[PDB]
Amino acid sequence: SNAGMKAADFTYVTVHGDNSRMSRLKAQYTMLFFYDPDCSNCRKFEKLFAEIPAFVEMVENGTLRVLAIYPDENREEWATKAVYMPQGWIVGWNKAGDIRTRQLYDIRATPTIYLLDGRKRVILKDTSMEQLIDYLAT
């Protein structure tokens, strides 16, 4: 979805078998993290994120929810690796497949990151680490 818009809603499953809708995840901020289980760029972002203490603290307290979502079809590889994803992140697979089939987000590459606010409005679209830090630390 475009900046300024209500982020498109979708369902997902986690490895612990909970199915939910994104919109049902309450938090002051939601970061969506579109990733692939085989993606060195995803790993590096994941690694850097954990060494920004403000980010780790907002994650711990629940101020910033990370919803890491795999949108493609390799469910086996996804599951194997989900267990290594950053502690505290919700890690989900769009089992319904509608993110791709309806093109709900323009996932140009992995990772693609969106920041959503309290109403699930898109406040940063397809953004970067620099822009996040700057926005969430000012």
# chains A, B, ... in the order shown; residues from 1 in each chain; ligands from 1
>>> select_by_dssp(residues="stretch 78-133 of chain A", states="strand (DSSP E)", output="list in words")
residues 90, 91, 92, 93, 112, 113, 114, 115, 116, 122, 123 and 124 of chain A
>>> residues_around(residues="stretch 22-34 of chain A", least_positions_apart="3", cutoff="6 Å", atoms="only C-alpha atoms", output="number ranges by chain")
A: 9-10, 63-70, 111-118
>>> closest_residue(among="A:106, A:73, A:46, A:60", to="residue A:86", atoms="only C-alpha atoms")
A:46
>>> residues_around(residues="residue A:20", least_positions_apart="5", cutoff="10 Å", atoms="only C-alpha atoms", output="PDB file with N, CA and C atoms, in the first residue's frame")
ATOM      1  N   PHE A  10      -3.921  -8.745   5.705  1.00  0.00           N
ATOM      2  CA  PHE A  10      -3.743 -10.128   5.228  1.00  0.00           C
ATOM      3  C   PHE A  10      -3.663 -11.064   6.427  1.00  0.00           C
ATOM      4  N   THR A  11      -3.772 -12.361   6.161  1.00  0.00           N
ATOM      5  CA  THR A  11      -3.624 -13.344   7.219  1.00  0.00           C
ATOM      6  C   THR A  11      -2.242 -13.989   7.144  1.00  0.00           C
ATOM      7  N   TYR A  12      -1.839 -14.662   8.217  1.00  0.00           N
ATOM      8  CA  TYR A  12      -0.560 -15.363   8.240  1.00  0.00           C
ATOM      9  C   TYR A  12      -0.637 -16.456   9.274  1.00  0.00           C
ATOM     10  N   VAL A  13       0.288 -17.408   9.176  1.00  0.00           N
ATOM     11  CA  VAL A  13       0.465 -18.422  10.204  1.00  0.00           C
ATOM     12  C   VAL A  13       1.887 -18.349  10.722  1.00  0.00           C
ATOM     13  N   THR A  14       2.042 -18.667  12.003  1.00  0.00           N
ATOM     14  CA  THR A  14       3.366 -18.831  12.569  1.00  0.00           C
ATOM     15  C   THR A  14       3.659 -20.312  12.759  1.00  0.00           C
ATOM     16  N   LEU A  25      -3.090  -7.398  15.282  1.00  0.00           N
ATOM     17  CA  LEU A  25      -1.908  -7.162  16.105  1.00  0.00           C
ATOM     18  C   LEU A  25      -1.912  -5.718  16.555  1.00  0.00           C
ATOM     19  N   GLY A  92       5.872 -14.910  10.306  1.00  0.00           N
ATOM     20  CA  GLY A  92       4.672 -15.480   9.685  1.00  0.00           C
ATOM     21  C   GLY A  92       4.810 -15.805   8.207  1.00  0.00           C
TER      22      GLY A  92
END
>>> closest_residue(among="A:54, A:129, A:99, A:109", to="residue A:1", atoms="only C-alpha atoms")
A:99
>>> closest_residue(among="A:88, A:134, A:36, A:122", to="residue A:57", atoms="only C-alpha atoms")
A:88
>>> closest_residue(among="A:15, A:123, A:90, A:7", to="residue A:62", atoms="only C-alpha atoms")
A:90
>>> residues_around(residues="residue A:43", least_positions_apart="3", cutoff="12 Å", atoms="only C-alpha atoms", output="number ranges by chain")
A: 33-40, 46-50, 81-82, 84-86, 110-111
>>> closest_residue(among="A:128, A:93, A:75, A:133", to="residue A:55", atoms="only C-alpha atoms")
A:133
>>> atom_distance(atom1="atom CA of residue A:80", atom2="atom CA of residue A:56")
24.0 Å
